[PDB]
Amino acid sequence: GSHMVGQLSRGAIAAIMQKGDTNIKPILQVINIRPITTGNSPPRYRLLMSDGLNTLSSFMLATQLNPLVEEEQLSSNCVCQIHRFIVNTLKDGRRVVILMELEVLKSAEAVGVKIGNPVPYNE
Ligand SMILES: O=C(O)c1ccc(-c2ccc(C(=S)NCc3ccc(-c4ccnn4-c4ccc(Cl)c(Cl)c4)cc3)c(Cl)c2)o1
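The authors' numbering applies: residue -2 is where the sequence shown begins, and numbers increase by one.
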């Protein structure tokens, strides 16, 4: 409804990246999804997600969630609640968020636009 950005967990991206808050179950919007160059493994999907305030491109789907993308329930513009995730840190210091369980609250067709004007999270 009205006040669309009120549907999203504003501040969750900063909470995840800094505090390392993991007990939260934030509601985020999918902005973009794309497959990763994998080789001969099942595909991996990388997601650009928004909390209304920030976007962050360092999300990856657990392979068990691949059917959500492949059967088109999880697509750009949909709004999801993250129920389980972990943060990992690469050798170079970059952090990545692995989404393990999520729920689609509103399909892409029911939302239809990028909500608000989120800006890229820095670090
Ligand atoms: O069920 C499962 O699939 C499951 C359970 C636990 C895990 C799981 C555990 C650890 C990892 C990690 S950080 N692998 C490191 C990894 C690092 C880079 C990559 C990777 C390959 C191409 N791009 N790219 C990349 C680079 C930068 C960022 Cl910010 C992102 Cl989001 C992706 C691919 C993998 C990943 Cl990807 C998944 O997966």
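The beta-carbon is built from N, C-alpha and C at its ideal position, and this holds for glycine as well.
For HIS0 and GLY36, the rounded distance between their alpha carbons: In the sequence shown, the residue the question calls residue 36 occupies position 39. In the sequence shown, the residue the question calls residue 0 occupies position 3. Using only the alpha carbons, I get a separation of about 43 Å.
Give the single residue among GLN78, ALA11, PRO32, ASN63 whose Cα lies nearest to the Cα of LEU99. Residue mapping note: residue 99 aligns to position 102 of the sequence shown, counting from 1. Cα-wise, what sits closest to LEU99 is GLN78.
Hey, out of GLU120, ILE30, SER72, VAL110, whose CA is closest to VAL101's CA? Here residue 101 is taken as the residue at index 104 of the sequence shown, counted from 1. Residue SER72 holds the alpha-carbon nearest to the alpha-carbon of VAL101 among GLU120, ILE30, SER72, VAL110.
Along the chain, where does the alpha helix (DSSP H) that runs through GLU98 open and close? For the purposes of this step, residue 98 is identified with residue 101 of the sequence shown, where counting begins at 1. Where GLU98 is concerned, there is no enclosing alpha helix (DSSP H), although the beta strand (DSSP E) it sits in stretches over 92 to 103.
Reduced DSSP category for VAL108 - H, G, I as helix; E, B as strand; rest coil: Here residue 108 is taken as the residue at index 111 of the sequence shown, counted from 1. The answer is helix: DSSP assigns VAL108 an H, G or I state.
Where do the ends of the beta strand (DSSP E) carrying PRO32 lie? Along the sequence shown, read from residue 1 onward, the residue named residue 32 stands at position 35. That run of the beta strand (DSSP E) goes 24 to 32.
Under 8 Å, with one C-beta from each stretch per pair, do the stretch 56 to 69 and the stretch 2 to 12 reach the 3-pair mark? The stretch 56 to 69 vs the stretch 2 to 12: no contact.
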